[PDB]
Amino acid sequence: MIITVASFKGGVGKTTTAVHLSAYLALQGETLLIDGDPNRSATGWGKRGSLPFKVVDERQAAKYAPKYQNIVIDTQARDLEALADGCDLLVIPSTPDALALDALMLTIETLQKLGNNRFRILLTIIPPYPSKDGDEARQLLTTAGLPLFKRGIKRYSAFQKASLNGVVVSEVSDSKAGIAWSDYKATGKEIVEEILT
């Protein structure tokens, strides 16, 4: 099963989602995370501590891809046609802010003329409750007839401590660990019960 996480602006949480989406699939089958992010943030992340899946470089995609039942591809949206055709679900992370969402919206025209259940937008790094950036973003894209995940990935320190320690957030010493994981686990759940349909 191949899912590509592809984004229109840096600092979306794209890598973090690819890592968390691969830790999810790992629980169910053997999983490769392929790193096509020019910064190779994913490879650092695996080296820095450890991770319940092999991570390899985009250049190693053809060599290692036949070995794995689950593949998560981490990459920069550069052509949105090509990413879709290479996977079962294209996940596009976006943060709630006007600047990031506009970067998403200039692309609206390609995204429409593309296919309903071929991709899906994941709102990430959502500011916590006293704040409504979350919902307002949801409505903009919904208003835009642009398919979205039931849930979003809320903003937590935990996810940072996790880049730093080179582990999945579920493993980190923070009281939002479980809640942070649960955001991704829920996304896992909907991909798998989106893609097996």
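All residue numbers refer to positions in the sequence shown, first residue = 1.
Asks: Missing residues between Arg78 and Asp79 in the deposited sequence, please: none, 1 to 3, 4 to 9, or 10 or more.
Replies: The entry leaves 4 to 9 residues without coordinates here.
Asks: Which is higher on mean Cα B factor in this entry, 106-114 or 87-95?
Replies: Averaged over C-alpha atoms, the B-factors run higher in 106-114.
Asks: Out of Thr43, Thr142, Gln28, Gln60, whose C-alpha atom has the biggest B factor in the entry?
Replies: Highest C-alpha B-factor among the listed residues goes to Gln28.
Asks: Considering only modelled residues of the same chain, in which third does the CA B-factor of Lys176 rank: lowest, middle or highest?
Replies: Tercile = middle for this residue's CA B-factor.
Asks: Looking at the temperature factor on the CA atom of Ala186, which third of the chain's modelled residues does it land in?
Replies: Tercile = middle for this residue's CA B-factor.
Asks: Against its chain's modelled residues, does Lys161's Cα B factor rank lowest, middle or highest third?
Replies: Ranked within chain, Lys161 CA B lands in the middle tercile.
Asks: In terms of the chain's CA B-factor thirds, is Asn39 lowest, middle or highest?
Replies: Lowest third.
Asks: Looking at the C-alpha B-factor of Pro147, is it in the lowest, middle or highest third of its chain?
Replies: It belongs to the middle third of the chain when residues are ordered by C-alpha B-factor.
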